[PDB]
Amino acid sequence: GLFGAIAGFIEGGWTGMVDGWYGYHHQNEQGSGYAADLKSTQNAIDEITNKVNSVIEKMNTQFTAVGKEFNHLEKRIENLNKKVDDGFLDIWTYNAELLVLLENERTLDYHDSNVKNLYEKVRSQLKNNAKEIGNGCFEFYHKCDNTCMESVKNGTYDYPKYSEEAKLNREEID
Amino acid sequence: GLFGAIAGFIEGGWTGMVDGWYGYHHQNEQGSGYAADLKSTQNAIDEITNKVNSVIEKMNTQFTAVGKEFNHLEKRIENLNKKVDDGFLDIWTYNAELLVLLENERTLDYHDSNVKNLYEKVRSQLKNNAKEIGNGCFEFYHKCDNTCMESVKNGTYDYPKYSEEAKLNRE
Amino acid sequence: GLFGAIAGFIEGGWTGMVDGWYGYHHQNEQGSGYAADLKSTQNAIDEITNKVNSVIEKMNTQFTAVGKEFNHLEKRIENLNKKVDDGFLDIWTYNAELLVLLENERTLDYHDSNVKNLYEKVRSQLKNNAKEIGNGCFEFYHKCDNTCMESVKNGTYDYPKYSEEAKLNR
Amino acid sequence: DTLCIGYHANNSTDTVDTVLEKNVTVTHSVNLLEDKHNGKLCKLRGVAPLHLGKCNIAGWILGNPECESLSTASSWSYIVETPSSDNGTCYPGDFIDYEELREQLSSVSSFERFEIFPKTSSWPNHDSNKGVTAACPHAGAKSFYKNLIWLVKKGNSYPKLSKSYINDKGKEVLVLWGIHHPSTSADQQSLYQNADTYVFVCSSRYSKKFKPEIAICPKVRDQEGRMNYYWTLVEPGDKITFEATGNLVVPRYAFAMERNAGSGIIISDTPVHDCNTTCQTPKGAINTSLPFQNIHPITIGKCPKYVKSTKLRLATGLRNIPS
Amino acid sequence: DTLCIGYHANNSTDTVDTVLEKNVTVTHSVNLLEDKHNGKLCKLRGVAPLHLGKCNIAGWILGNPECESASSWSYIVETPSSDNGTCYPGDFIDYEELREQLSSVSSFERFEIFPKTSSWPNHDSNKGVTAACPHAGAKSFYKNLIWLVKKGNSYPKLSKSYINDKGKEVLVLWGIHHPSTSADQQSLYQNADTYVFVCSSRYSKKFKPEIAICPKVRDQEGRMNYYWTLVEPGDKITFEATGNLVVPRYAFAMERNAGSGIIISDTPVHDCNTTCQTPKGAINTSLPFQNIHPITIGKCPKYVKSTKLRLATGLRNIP
Amino acid sequence: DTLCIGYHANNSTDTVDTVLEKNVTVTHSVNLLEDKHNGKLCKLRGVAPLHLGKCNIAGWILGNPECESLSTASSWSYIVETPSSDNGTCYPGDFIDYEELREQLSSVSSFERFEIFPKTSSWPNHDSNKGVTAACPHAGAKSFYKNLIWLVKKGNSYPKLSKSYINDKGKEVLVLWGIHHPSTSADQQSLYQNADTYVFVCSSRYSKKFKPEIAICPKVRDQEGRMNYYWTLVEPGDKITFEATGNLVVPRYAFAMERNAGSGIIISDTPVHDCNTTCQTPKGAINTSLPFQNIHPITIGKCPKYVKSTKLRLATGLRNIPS
Ligand SMILES: CC(=O)N[C@@H]1[C@@H](O)[C@H](O[C@@H]2O[C@H](CO[C@]3(C(=O)O)C[C@H](O)[C@@H](NC(C)=O)[C@H]([C@H](O)[C@H](O)CO)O3)[C@H](O)[C@H](O)[C@H]2O)[C@@H](CO)O[C@H]1O
Ligand SMILES: CC(=O)N[C@@H]1[C@@H](O)[C@H](O[C@@H]2O[C@H](CO[C@]3(C(=O)O)C[C@H](O)[C@@H](NC(C)=O)[C@H]([C@H](O)[C@H](O)CO)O3)[C@H](O)[C@H](O)[C@H]2O)[C@@H](CO)O[C@H]1O
Ligand SMILES: CC(=O)N[C@@H]1[C@@H](O)[C@H](O[C@@H]2O[C@H](CO[C@]3(C(=O)O)C[C@H](O)[C@@H](NC(C)=O)[C@H]([C@H](O)[C@H](O)CO)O3)[C@H](O)[C@H](O)[C@H]2O)[C@@H](CO)O[C@H]1O
Ligand SMILES: *[C@@H]1O[C@H](CO)[C@@H](O)[C@H](O)[C@H]1NC(C)=O
Ligand SMILES: *[C@@H]1O[C@H](CO)[C@@H](O)[C@H](O)[C@H]1NC(C)=O
Ligand SMILES: *[C@@H]1O[C@H](CO)[C@@H](O)[C@H](O)[C@H]1NC(C)=O
Ligand SMILES: *[C@@H]1O[C@H](CO)[C@@H](O)[C@H](O)[C@H]1NC(C)=O
Ligand SMILES: *[C@@H]1O[C@H](CO)[C@@H](O)[C@H](O)[C@H]1NC(C)=O
Ligand SMILES: *[C@@H]1O[C@H](CO)[C@@H](O)[C@H](O)[C@H]1NC(C)=O
Ligand SMILES: *[C@@H]1O[C@H](CO)[C@@H](O)[C@H](O)[C@H]1NC(C)=O
């Protein structure tokens, strides 16, 4: 992974999360569950579909009857014609394959970048009020219920409102 | 974006910094203002230039007439000639479009990367001496005048010097 | 450049480390020295060798006798023939040049990325049992001997084992 | 209390190749390689092709008895022969500039068969009935091309022949004719009386003087003699003249036509249907959505580029790791 | 006290497209698609083209009276209405081949290969005219060819040779006339059954009259076929005949030039330099791609049917 | 105690270019451009080439005395002429469809020279000895092509000749013949007696009639007269018939052959060697492990694409920063 997220510090994916590409998994006193980040997942879809359409729609082809007919005394022009068809073959075949290899690599890097960005977005909000226990998880230093947890997902986490409680739990474990 | 900075956690651009491509904006009890990072900006221009020149200079085509004249009994080799021109047409059209699309993505990613590497470089100097108030902004937990501000832009910031003072400003 | 590690917060390369692309330099109670990281180095070798093989093998070539003979009354199709060879020449030359340019950039970004992720990785194992001192270097807050370094390298660093000792010396 | 960041994983078994690693199972993907056709020869741009059945273009355009000349469409996007279509020039000879003709007839927007030199009124001083042969047999009897007339001497004499046609059709007129070459001098006299004859055809653009070349050649379809076939496109307003003292296989039917730039000639057993396509292949049509196809390099219309790829699967989702 | 990291922004409105998103406004961008031309036919290699005006190559090379026509040209320009060519109807054998090989020359010299004054002592050289080739209302003929005709009811077998003493190739053109009737055959050349034979060390061909009444073209029922060949330096070419031969008078010492082309257009010639010529005008760009015209002569950008190829150099503009 | 993370560095001086900056020293790299050869003309795909030495295809396919003709045996992947192969048509004349013959002989498997018309028993009515000339000298004395026989009048009579051959071989048979054109009517009679002659050649597909063309032409190799060379391929179960009243250089040796897809002809001084390659160049053979090549644009086989590049090395390692 170019960004070291997918198959990186987050070892595996979630079969449990079936409503999106990227998302969260919360766990508190009110239970646990899977959730998908709709906004980031949507943008990802739009941009990938625009990437597929670009590879497909940019191919505008002339009307052409490839076939040609030459008699027993037109062997040279027949081979010239053959060389032209073979030329386009080798040119298009090579370009197609590599276009697929290279773009495939970028697509996987793309998703990877998205997961990393999402991780840094949560970490940036939690700041000190939480701990990074690895595997792409955050352990809160305070009591984060369902309302609190939901505010992290939508980027409206109130750090100051948990700071005091966090510090006490923090310094004890520190 | 691809590196989270541009159109990301640094939500908007600075018209105030007509100084260059990337830079800083500080404010201490001395003053404030926009300042473009000459080092990073210059390298970008140098490398973005090479890129533009690479896409261009590398063409260097052969001298060709292209036009061909065939009579009323040479329709076959006339259509063979058209197949050649059209083949080259479809090829250069497709590859030209894709080139611009793929490289335009790469270019934007490049600028994003540059900003990120600029933001992390500061983040790794201050550590505890300051907090991250979002939007790519660092609020010092201590007094940072110009001689201190210029220090962080050189990566020569002295953490220990202000370590203890910052300790207290965190109630 | 793209990831900030190579020629970034790690300004130079190690002439000493001669067995792999990425690795470590330890320095403890019982000596120092260089030692490459086998997991990430071998992984890269397998992926760059695949990259090279792809650009090479994917090149399908039809059996072709490019040469053609035309007499003095066949100049038009001779030049037509000339336009085909030149056409291909300009297509392949331009593409071959842009490929090496483009993929070379990525290859460098790919190594820079690996050095980055390696640094991040070790940082996750150590947590705060050590201090970041810049230049891609860690300074342990405890007594990390050979068996300790060995556990950091292979990702099986026992945090709670040395966790106690480290918290003390501060 | 914990909050984890993660990605999607499913039951997908799809695999793609990257420049760095082969066969990477992914959660979602699309194919860029069109690898299926419909096994049909279809209309191209809404216009059906011209299927010549058991005949080839030579047999069809000349009027070979085994070929349909009555209900041929007035237009077609392309022509289809079958690998075994043998019915062509039933009388052995050389069909000059044949491939060019085939090419120039590959597509047409207007096609009218009409009697250029009506049999009943065109040749009062020549025999327009005895011109038959076992080489071109019809309903259990000697016969000949339906679009040509093999003029022979009336009585014991073959007077100088001279006839012209002015193209008053709103378009080009295709005109074919033949030059018969006996195998003996006796056959020359038995057919045309005169021993030293000539033929002359010429328009504003065309001109050629033919001379009988008599010799015994290897037997083909039971014929030692030869019959050469010629043609040319008479432009609107122009005239074409025929002059002969023998050996002239005269035009009876000609074709008014407006050619549609380009097109080709598919030779396949693949059946024709009432389907509509924009890219035709000798073994079936294909949908021009995807940019690449590996069905067949020889195609007609707006087609995806041909490749030797067996799979061009493009990842859209992420690597799949359910564990 | 604060320190902020940010990026540039300006009043830019230029947009580029990326594989991931369209119409992305950025701060700086360069163009790769050339879409401009001077609308002029210029000089290639610093050499002007051979503009033939109302004449085509046939009429110019044969010396049609309507063509009075340098010793060098980078390419050739005809107008869409260049009608004055072969004023006497007939076939021009290997015509497109000749045009291709005259498309560009480094040296071109017209010389009287067979001086009209002394070359044909036993044949008439003053009756070979026709209303088909008028000059100021009166009958005339190609300036470079001579329509030899019998004198005093006699056409002796003629034999004429030319040894190329020029230091290069010689372009020799000649014609074969075909009367419409036997009476015209005898009236013109007397002999009825005639032949023409031309041969050098390379070329060799025997010609026969194809007498017949063909459709009137320019009011001519007869025909005249035009032939040509390149005579190597040092080689000899010979003409033998007993009638029907339109002998060469003016040949051309020339040096052909690589591979140029021919442009048919109304676009006016202009004294300017270019490296890429288009039937619509010239192109002078360092850009790799162009959408002006597929058919170009010179060292040109590749042709595409794109309408916008914009490379982003700056970053996403976000005021 | 310290633990540092770093990357490799060596004495490597390899430089590469990236779209961002040029001349970047990296630890490891590989060349994508094949820029070396073996300066030899090797066997293509196991099959050796046919080196004509001081002869060209014309002189070889004909019986030019100077040409070795070889002969044992049998097949070849391509043909090699030297830049100084001047021994071809020792008697001046035209070689119709010459380029086509060369193209169609580029690569033939199974090549058997045979005496289609045995010299001693074919022409009892004509002189098959006087047919020599100084234009094709052999060991000082007058001679002629080994594959053709120059028939002349026997005593004072040239009886109409009619010879025929049925392709008993299981493959195509290349047949070559010539038509002579004396410079004077005197030579015509002195050579064939008849004065007004004709030659006729035809099969099931081929058919052409030749008339002598007498005239004094510029001396080539001291010959004022000319001699044209024709050729055709006779299908497996086909018959070819020759007929003439003079001026015919009858075939003596024909050729059975199975023509391959078609390669090419290399004209080079580069020596032929006992080597194996899948890609041949006029300068020498190259390997096909790399996708690109700048050795030569005109190659034969499955070769790497030709580019103008001087270097194309791909970075495998990382930026070298020994410092
Ligand atoms: C009119 C006639 O019968 N002529 C005799 C020749 O036919 C005959 O040579 C034989 O020719 C045979 C083919 O017979 C036809 C044919 O169908 O091809 C019969 C046709 O009626 C006749 N058509 C016309 C318009 O005359 C046609 C024609 O003569 C030839 O095509 C001219 O080339 O021939 C068959 O090929 C035999 O193998 C062959 O012997 C000769 C010699 O017997 O006598 C003629 O009187
Ligand atoms: C040999 C001769 O005089 N033939 C007479 C025919 O020319 C003539 O038919 C008429 O010909 C008209 C054109 O007359 C010219 C011409 O082309 O201008 C007059 C030229 O002097 C003459 N040139 C020479 C060298 O003799 C030329 C020449 O005969 C032809 O080009 C040969 O093909 O003809 C015009 O075409 C009329 O439409 C046509 O009827 C007939 C009838 O007058 O008499 C012939 O004797
Ligand atoms: C029929 C004949 O012998 N003709 C005589 C001319 O040959 C001769 O002109 C001279 O010919 C010289 C060459 O003589 C040969 C040759 O090429 O070696 C002699 C050969 O025996 C003869 N071959 C045959 C089969 O007859 C050959 C042949 O005649 C020509 O190839 C026919 O085209 O010619 C040489 O070219 C001299 O330069 C040339 O003057 C004249 C005058 O001596 O007499 C003719 O009777
Ligand atoms: C994966 O899940 C989908 C959704 O129910 C199901 O239809 C499909 O059968 C599964 N895939 C396979 C091939 O097992
Ligand atoms: C997957 O990898 C294997 C081994 O590398 C390869 O043979 C195969 O072609 C790849 N994909 C498939 C199944 O086509
Ligand atoms: C058949 O489809 C093509 C485009 O797919 C279209 O051009 C044509 O009009 C269609 N047929 C008719 C007659 O509508
Ligand atoms: C039609 O074709 C058959 C072979 O399929 C052949 O036997 C027959 O002679 C042909 N008929 C004509 C008149 O060409
Ligand atoms: C020149 O061309 C004009 C028409 O463009 C025509 O009327 C005239 O006869 C021509 N003159 C000659 C001698 O070709
Ligand atoms: C074109 O270039 C030539 C030199 O090759 C020069 O003499 C001439 O001035 C140039 N023409 C113009 C108008 O610049
Ligand atoms: C062979 O070639 C040499 C050199 O070109 C030439 O002088 C000689 O006449 C030729 N010999 C024959 C008989 O072809």
Side-chain angles (χ1 to χ4, degrees), chain A residues 120-121 123-130 155-164 166-167 170-171, chain B residues 3-6 8-41 112 114-171, chain C residues 4 8-9 128 131-134, chain E residues 1-9 318-319:
Chain A
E120 287 174 326
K121 179 165 297 180
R123 177 191 61 77
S124 182
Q125 284 189 118
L126 304 186
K127 300 186 185 64
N128 219 334
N129 297 344
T156 63
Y157 175 76
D158 191 318
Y159 176 93
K161 123 100 169 178
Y162 300 105
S163 57
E164 73 302 305
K167 190 187 302 179
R170 186 186 313 126
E171 301 181 4
Chain B
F3 288 88
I6 301 180
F9 64 80
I10 307 181
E11 300 169 349
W14 289 339
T15 58
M17 190 186 64
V18 68
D19 199 346
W21 260 345
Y22 329 108
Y24 318 81
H25 176 84
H26 72 291
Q27 64 179 9
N28 41 27
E29 263 259 323
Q30 175 288 316
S32 57
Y34 305 97
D37 188 77
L38 298 176
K39 181 58 175 58
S40 66
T41 296
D112 198 15
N114 277 8
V115 181
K116 184 58 167 295
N117 298 331
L118 216 47
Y119 177 84
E120 277 183 342
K121 181 173 297 183
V122 165
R123 174 204 175 108
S124 66
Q125 295 188 63
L126 315 177
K127 309 103 171 181
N128 259 16
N129 290 341
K131 77 157 71 67
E132 299 183 343
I133 59 178
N135 204 23
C137 285
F138 291 99
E139 176 185 351
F140 291 107
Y141 277 146
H142 69 85
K143 302 297 298 181
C144 188
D145 57 321
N146 293 22
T147 193
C148 161
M149 204 76 64
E150 193 70 48
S151 181
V152 304
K153 300 178 184 177
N154 288 15
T156 68
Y157 174 84
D158 187 29
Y159 176 86
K161 188 190 308 175
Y162 315 90
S163 185
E164 69 304 308
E165 179 182 356
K167 176 64 175 300
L168 192 157
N169 287 267
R170 300 194 294 264
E171 304 107 297
Chain C
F9 62 79
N128 67 337
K131 178 182 180 180
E132 298 189 44
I133 62 183
Chain E
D1 303 325
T2 63
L3 180 68
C4 295
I5 287 72
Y7 46 90
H8 175 75
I318 312 175

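These values consider heavy atoms only, across backbone and side chains, with no hydrogens, waters or symmetry-generated copies. Note on naming: letters A, B, ... go to the chains in the order of the sequence lines (proteins, then strands), and numbering restarts at 1 for each one.
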Flag the pair [X] / [Y] as yes when at least one side-chain heavy-atom distance between them is below 4.5 Å, and no otherwise.
| X | Y | result |
| --- | --- | --- |
| B/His142 | B/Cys148 | yes |
| B/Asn128 | B/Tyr159 | yes |
| E/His8 | B/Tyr22 | no |
| C/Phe9 | B/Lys121 | no |
| B/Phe3 | B/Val115 | no |
| B/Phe138 | B/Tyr119 | yes |

Exercise. Which word best sums up how the rings of B/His25 and B/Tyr34 line up, parallel for under 30°, tilted for 30 to 60°, or perpendicular for over 60°?
Worked result: tilted
Within the side chain of [X], is there an N or O that forms a donor-acceptor pair under 3.5 Å with the backbone of [Y]?
| X | Y | value |
| --- | --- | --- |
| E/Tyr7 | B/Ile10 | yes |
| B/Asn154 | B/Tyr157 | no |
| B/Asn129 | B/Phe140 | no |
| B/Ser151 | B/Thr147 | no |
| B/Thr41 | B/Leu38 | no |
| A/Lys167 | B/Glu171 | yes |
| B/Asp37 | B/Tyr24 | no |

Exercise. Is E/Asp1 paired with B/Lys143 through a side-chain N to carboxylate O contact shorter than 4.0 Å?
Worked result: yes
For this session: Assess whether atom CD of B/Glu29 is packed by more than 12 heavy atoms of other residues, nucleotides or ligands within 6.0 Å.
Result: no
Exercise. Would one find more than 12 heavy atoms of other residues, nucleotides or ligands at under 6.0 Å from atom NZ of A/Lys127?
Worked result: yes
What heavy-atom pair brings [X] and [Y] nearest, and what distance separates the two atoms?
| X | Y | answer |
| --- | --- | --- |
| B/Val152 | B/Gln125 | O-NE2, 2.9 Å |
| B/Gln27 | E/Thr2 | CG-OG1, 2.9 Å |
| B/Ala36 | B/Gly20 | CB-N, 3.4 Å |
| B/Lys153 | B/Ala35 | NZ-CB, 4.1 Å |
| E/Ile5 | B/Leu118 | CG1-O, 4.2 Å |

Seminar exercise, completed: dist B/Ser124:OG -> C/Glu132:CD (nearest 0.5 Å) comes out at 8.0 Å
Seminar exercise, completed: The reported gap from OG1 in B/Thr15 to CD1 in E/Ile318 (rounded to nearest 0.5 angstrom) is 12.5 Å
